[PDB]
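**Student:** Chains as they are written, first to last, in the deposited numbering: chain n, 6 to 244; chain j, 2 to 250; chain i, 4 to 232; chain r, 1 to 196; chain m, 4 to 234; chain h, 8 to 245; chain l, 8 to 237; chain k, 3 to 242.
Cβ atoms here follow ideal geometry from the backbone N, Cα and C, with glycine treated the same way.
The following block contains the structure:
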């Protein structure tokens, strides 16, 4: 009724509607899952093929941020790239000034502060993307998730996009303390395949990146062989 | 953010700027003041708008200000902005006397102030100064001068003019009664007469008035001076006696 | 960052509406008043707090800007702090340049210009406050008032905030020249008592006074109670 | 290097100056007129680096003309001198001009005047002035024969004598001098002193 | 609908309408095609003059020896983006004395485009670039919508009446990956023919530019494409 | 007009956006309270995780602005973190520029002055967070302060924030009418009890967080869950 | 409404650009025809009153020794574009000592067209309500281009802008023969400009210019000769 | 800085703010200029003589240079800024080039300045329409120009601006002839009289000779007004 038109305007209910519209943009995007296994972190993203001519590997959605951490973005991908670039900038700047690799916790805090700042200005559009960090610090694996409003918390499992609720419910049914990242691959592949609904959307390509001990704590894509076998297992798990 | 912009500097379909016209209205709601360009001097008289009895009145002036040794002004409109404008005007006069080492001729001071006002009138999107000035001073160029400034940033020289509340009645009586060769005393008397006849209340009170005159001392020194309350009382009594001294027939 | 569009334009009637809203906003603030005795000045205000749990001693409404000068505000509290800080800064600039205390009138004029700035500059609202600046200096006692429009006046006595009219009439009828400083203090306390719902106590109101040639001091509750007793 | 000097008679202020423009050893020109007219009633002899002399003199003339048309009343001589001094003093610490200026003028209500303005921007209303190596001879001879009421004949005789001495005793003696006079009628050229 | 006048105003449905208007700007362009094999990229564009006497508007362009661009949308913005891409390729060559990979240029271009969709005083670009060049991996084809997003396809088409070419490619894109230069050229020609509304294809309507792992960028001449069409 | 949308005076002199910020604070369900004692200052709030997934150690509203200063932020979490970063930058800058620890009242005044800025500059929404500052002034003894989105910092002997302002205040001033001098244990247990009497439910010492200062130990500290549990038992048995 | 200067319309077209394109419809008709010999330009002066000095109303301005320019729409906004083109062509001469090609000047003028906006990123706040013909000769031979406020241009064999656009273009397509000798080319442009013009074609009412090797604005006596030939 | 597109295109291609500037011009004092063979007269409607104005220190027809003069119509407040910049340019041209500005040059400079304002962001167009006059140096051939709020300019044999500009323009269109000496002043006075029938006490007239500008005296304007007022009645009686 005139109040839902700016980011510097509280609606009489004491809430900012522009932030909620941004968050809705994420809700419309596509699932992004992160899991904190015993020996690392596994990120997985349901990536939707818009047209069959796309090249398998197009518009990758799981990005590195620095040597020991990486992101998965859901929501408006163009904003996800801006946030990933900022996370890279923060990582390298801290590395430079203090001569130490950024504690993933500090990296997430800086990223979240940036996302929040991008709302305080009347002349900026708030980011319409939510991200998941999974760095493997000297304090161990630790998974964060930053919301388009600027809030962030450390999770043991996470999810965003269309598949929020199914993904969360399925994660809770898993004993994260007991599964190695190799088991996390299978679990996340199975979850992503369950949460997808071919009856509604077109096909999709699972894109998963492990920040584990095999990956030498360095964020990397899941090896092709393990990924394909996990895809086959996840498909078999639907019956 | 665009929707919150009033666009102060913009032409209306009539070809006239609204905010400046509203500024002239604001002047119209302010206390009255008039100027008389006499042969031997220039006289400014003003009406103190706020006249609560608890006001101190010990402060020398509320509407007339000295801008330099040779120029003074009487303010109408928003005195808050008038303070800034007089501060600027004094600064401009001193800037001329520094660069050239001599008094800044009145017309130039008026024009510089008006160029300050026109800036707000034309660009930047800020509200114009809602003020209007009467300037009294003396030059080697032209001797005694009286000028009037609109908040439009426009000005003109006047043998006798008025600003503020009830402007036009005083203007008309000045048209009817002002004459060349009006001397010091005659100018003072005429100003008092026209004002009181323009006032809602006769037998005015010195506490509700201000009279200043920029004349020339015998030794060629422009002497500005604002009358003390007792001098106002003397003039008020003399005028309230001389008005019936003419109206008797 | 354009933010260069006066949000306080001229209404078709010539009135500056937003300044009028600011004047109302002070009109709904707690009352304050000031009187100038023939040999000193006095300012006081009501300091009634929403709860007992609020430590009344942790904040003062009467604040002195220079040892000669003190101010009282009515309307929004946060704005008065801005204005006090800026006025202190200007007083210290004056003292740096000339090694003398700033005259009351000059401090008032500079604070008034600060007030005015926000009524023309874009992207900001005028201060929801009016100030009573009490000072005593080389040319006698002085009490000045400043309002969100940036205009200032010299009063013999004045008030503002909640209950303006009753306090104003009370002062007008009860004020007189040659009033001593103590008479002025009693008169101010009585004026506060007039409209002060509840009962006055040293922990409910705040008083500041400047003696002859001396420093502006804010009365402590231990002695205001002696005055009102 | 330039020589310039002035002289205030009863109703006139003469200014003379050498008219030789040089580079190092070559008199590229001997007709270089250096005494400017600021107004119908002003002269401004200048001495200093030729580029700075010309640029500063033109700048000051621009400002004088701007004042004239905008107000309708021309700058009085004293105000023109003070404005020159102000501009020169402000440039002094930022991008100094190396020009020495002698300003003469006539104003109906004040009479002839002659101002001394140094490249350091020191201004003084002098009775007689001179700049450059010819300054010594010019000043001594003027002092010897100067009076406060000289007829233009006497003033021009004095300037001729000063020119002859400056030629005779300087090593950089320039051969050609120009003489310009300001009176009630206005700034003007009096005579050209061809030597060659 | 009031969530529509400024870029920085999200719509309550999670949509950004000014950006969608920009993305619609592309649809008024002419059919810009592009189809990729593992070694080659072929950008073909349909040329529509604004009159019998007046000539058409150029739409294919060279960015450096190994990158080309086919723009759709308003040309005033295609020119600025092409100049920017050329400048970046030149700067990278200057610093590292090597060719800038396609992917990184494309991502910088998408960042440049997105930056405009986030600030109040700026507007989206309204030109959809279909970048095709070379990397160490071989050939690559991208598409940059004014929204700031970018995609990678074995083949694609944009612009008015680009659905017919898109629908031909979707039949034949399975073959491009292993296709030779000539077969890609043939597929580009046919995919254009599918765009022409019953007109016999001729060299005078479309220009074909090809880049290859061994060939620099080049726009095929008017006569050779005509001769090829005569088959 | 626009005055409902931006911080300019309403026709009756109210700034509606600031009020809406206050409503935002009272939103979010959380409520918190602080009790200043003779020897300590205790500040307590409730935190609740809805998921097994969310790590409980990553969610908290107690912030160590300085080893000797704390701050309990009530309101929107992102704004609470922004204000917290700003205050941490100020505390370090004050200690650097002036050579001694920043006093509690100075922190409260600075936060309030910063908040006032949003309330005057039209295009800056006031932070939706009420921040309670606790610390033991080196000379004034224990301190407690409360800054609001408007900018009215005032010092409170005891105070509440969040959805249950009034209930907490009423209970606290009922229990404090006598102007008591609370011991440490008594202070912290009064705070916990006033929270109980507002929630109308018990709590397992896990959905609650407490932060305390002591003259014998000025460091702003967060109580162990076992200490919270011992305080709960002590409340139970009297 | 307070739509921004840079606001896209729902069909993808900038509003202000469309409103500017409308502004050329009100401008004087200006017509040019390319040929092997050179290029010809013409434009109705629109001399409102006899007092106005005809010669002082210039609508064909030289950009450089080989690049004419016919202006239509807001002739105030056209001056600026031609001054920019003049400085650009001279810079190119300075920086290479050779004439700037015509297509590059056109592209130089057009690259200025869309710079408008708000926010201190560009001083211009509004599009140029001017569409130009650029008639030049360079290494490619005679060439004729034209532009519009959409910051776009394209080479053409004959074009007519301003109010008469549609009629002049129809008559041009019906008659532009591609064998035209310069003599025929200029009579065709003048005959078209005659019918479009409400006032009778007089030496003073029209402005003709031949690019050929070097730009030449026809003097009134020269115009009378071709009006007679017509 | 404040950037806002005050001047913008209306859905039918018009610049509304420029046209409103033109209307602001319509409301200004009438002005007339009549280029003759040897002189260029200017005139304006009001000489500031409403029985109390002290008009000693300001003339409406203003010198930009001893070479050049200017008459302005429309807002008086903007005229001062435009005239100051024109004077500054007249001097800066002499500095940059020894030659004084030719009339067309300064006219073009003013025109471009006005256009810049109609297109620069965050600034109001000048509401002016100037008449400019002068003798191009070394030519002794008079020159008459005008600019209009749009920023477009052109020369004229004669012209008028301000209120009733049209009526004066028709008078000139029917009554103009190649005048000289006093005849040019006669035509200018008649042209102004068409609209300001209260002749004499209202007109302010100046004439440009090759040697500069000089403004007629009250007695002189009155003499011309009386001459026309007698000869027109005589001609009307003779014809009728």
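#1: Compute the distance between the beta-carbons of residue 145/i and residue 157/i, then report whether it is under 8 Å.
#2: With a CB to CB cut of under 7 Å and the five nearest residues on each side skipped, what residues in its chain are close to residue 20/m?
#3: Using beta carbons (cut-off 8 Å, strictly below), is residue 59/n in contact with chain m?
#4: Counting only beta-carbon separations shorter than 8 Å, does residue 144/k have a partner in chain l?
#5: Establish whether the CB of residue 132/h and some CB of chain n are separated by less than 8 Å.
#6: Closer than 8 Å, CB to CB, is residue 79/r near chain j or not?
#7: Express the C-alpha separation of residue 12/j and residue 156/j in angstroms, rounding to a whole number.
#8: Since I believe residue 12/l is in contact with residue 100/l (beta carbons under 8 Å), could you give me their beta-carbon distance rounded to a whole number of angstroms?
#9: Pick from 82/k, 75/k and 236/k: whose alpha carbon is nearest that of residue 44/k?
#10: Name, in chain order, the residues that DSSP records as bridge partners for residue 217/n.
#11: In the segment 13-24 of chain h, which residues sit with their C-beta less than 7 Å from some C-beta in chain j, listed in chain order?
#12: Strictly below 9 Å CB to CB, what residues from chain j border residue 83/r?
#13: With 16 other CB atoms within 10 Å as the buried threshold, where does residue 192/r fall?
#14: Let's test the definition: count the other Cβ atoms within 10 Å of the Cβ of residue 227/m and tell me whether it reaches 16, buried, or not, exposed.
#15: Beta-carbon of residue 133/n versus every beta-carbon of chain m: anything under 8 Å?
#16: Keeping to the same chain, check which residues put their C-beta closer than 6 Å to that of residue 109/m; ignore five residues upstream and five downstream.
#17: Considering only DSSP beta bridges, list what residue 165/l is partnered with.
#18: Could you check whether the Cβ of residue 2/j sits closer than 8 Å to any Cβ belonging to chain h?
#19: Based on Cα-Cα distance, which residue from 25/j, 245/j, 94/j and 57/j lies nearest to residue 154/j?
#20: By the criterion of Cβ-Cβ separation under 8 Å, what are the contact partners of residue 143/j in chain k?
#21: Would the beta-carbon of residue 84/h fall within 8 Å of that of residue 169/h?
#22: Answer with yes or no whether the minimum CB distance from residue 93/k to chain r is below 8 Å.
#23: From the DSSP output, in three-state form, read off residue 216/k for me.
#24: Can you find a C-beta in chain k that's less than 8 Å from the C-beta of residue 58/r?
#25: Who are the neighbours of residue 128/n on chain m, taking C-beta pairs under 8 Å?
#26: Give the residues of chain k in contact with residue 146/j, contact being defined as C-beta atoms less than 9 Å apart.
#27: What residues in its chain sit with their C-beta under 8 Å from that of residue 196/k, if we drop five residues either side in the sequence?
#28: Near residue 2/l, what residues of its chain come up, given a Cβ to Cβ distance below 8 Å and the 5 sequence neighbours on each side ignored?
#29: Rounded to a whole number of angstroms, what is the C-alpha to C-alpha distance between residue 232/k and residue 220/k?
#30: Kindly give me the distance between the Cβ atoms of residue 222/n and residue 73/n, rounded to whole angstroms, as I take these residues to be in contact under 8 Å.
**Tutor:** In short, the structure shows the following:
#1: yes
#2: 6, 7 and 14
#3: yes
#4: no
#5: yes
#6: yes
#7: 21 Å
#8: Rounded, the Cβ-Cβ distance is 35 Å, inconsistent with contact.
#9: 75/k
#10: 45/n
#11: 13
#12: 100, 101 and 102
#13: exposed
#14: exposed
#15: yes
#16: 134, 145 and 153
#17: 40/l
#18: yes
#19: 25/j
#20: 58 and 59
#21: no
#22: yes
#23: strand
#24: yes
#25: 11, 122, 123 and 124
#26: 56, 58 and 59
#27: 166, 169, 170 and 173
#28: A query on residue 2/l cannot be resolved here, the shown segment of chain l reaching from 8 to 237 and no further.
#29: 18 Å
#30: 5 Å
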